[PDB]
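Chemist: next one to model:
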Amino acid sequence: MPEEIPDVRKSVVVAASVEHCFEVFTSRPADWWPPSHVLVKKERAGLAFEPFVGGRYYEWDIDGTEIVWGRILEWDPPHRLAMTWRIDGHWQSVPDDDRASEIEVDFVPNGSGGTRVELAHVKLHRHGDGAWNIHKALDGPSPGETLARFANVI
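Modeler: Residues are numbered from 1 along each chain as shown. Shown next is the structure:
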């Protein structure tokens, strides 16, 4: 749905405190996880994950049980955020990371309550397990880097 799997992505500035950036992910991503149409049979509504290295990430579906939505890489206090995403191309589950890719995200205060973050993705295709289909569902209106949809809803 989005431009073909692009290598390093770009950065965007959004109006939000740095604490909000890390807090919003752990606060309740369901607040803006659903854009309009989702390939998932049921729209995600509840979310709960342990933020740590090798942590486990799962979400609750309106009628579906818990499915892994990704994983974690490392939590760095207000300044650097990194997370590994482990998911199946068929939106099923991946008990082990065989070809999972890592994501690098940095959050730093920009000007006033505005925070600027640089998000880059590399070797995401290494998954070659159909993970691209998962991105299509996450890709909502106005396709673009994750910061694009995140900044608009934020």
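Chemist: mind listing what the closest residue to residue 87 other than its chain neighbours touches?
Modeler: Distances taken as C-beta to C-beta, 6 or more residues apart in numbering put residue 134 closest to residue 87, at 5.2 Å, once the chain neighbours are dropped. Just so you know, the C-beta spots here come from the backbone N, C-alpha and C atoms, and that holds for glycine as well. Counting by C-beta atoms under 8 Å, 6 or more residues apart in numbering, residue 134 makes contact with 87-89, 91.
Chemist: got the phi/psi numbers for residue 134?
Modeler: phi -60, psi -40 (degrees, to the nearest 10).
Chemist: isn't residue 41 right up against residue 64?
Modeler: Yes - Residue 41 lies in contact with residue 64 (C-beta atoms under 8 Å); the separation is 7.0 Å.
Chemist: the more surrounded of those two?
Modeler: Legend: neighbour count by other C-beta atoms under 10 Å for residue 41 and residue 64, higher for residue 64 (13 against 10).
Chemist: now the more buried one, nearest residue through space, not along the chain?
Modeler: Excluding the flanking residues, the one nearest residue 64 by C-beta to C-beta, 6+ apart is residue 42, at 5.1 Å.
Chemist: residue 26 too?
Modeler: Nearest residue to residue 26, sequence neighbours excluded (C-beta to C-beta, 6+ apart): residue 51, at 6.2 Å.
Chemist: residues in contact with the lengthiest helix in the chain?
Modeler: Determined from DSSP state H, the single longest helix within the chain is helix 18-27. Outside helix 18-27, the residues within contact range by C-beta under 8 Å, 6+ apart are 16, 31, 49, 51, 75, 78, 81, 107-109, 115, 117, 154.
Chemist: the inter-axis angle of the next helix or strand after it versus helix 18-27?
Modeler: Downstream of helix 18-27, the first helix or strand assigned by DSSP states H and E is strand 44-49. For strand 44-49 against helix 18-27, the angle by axes from the mean of the first three to the mean of the last three C-alpha atoms, to 10 degrees is 110 degrees.
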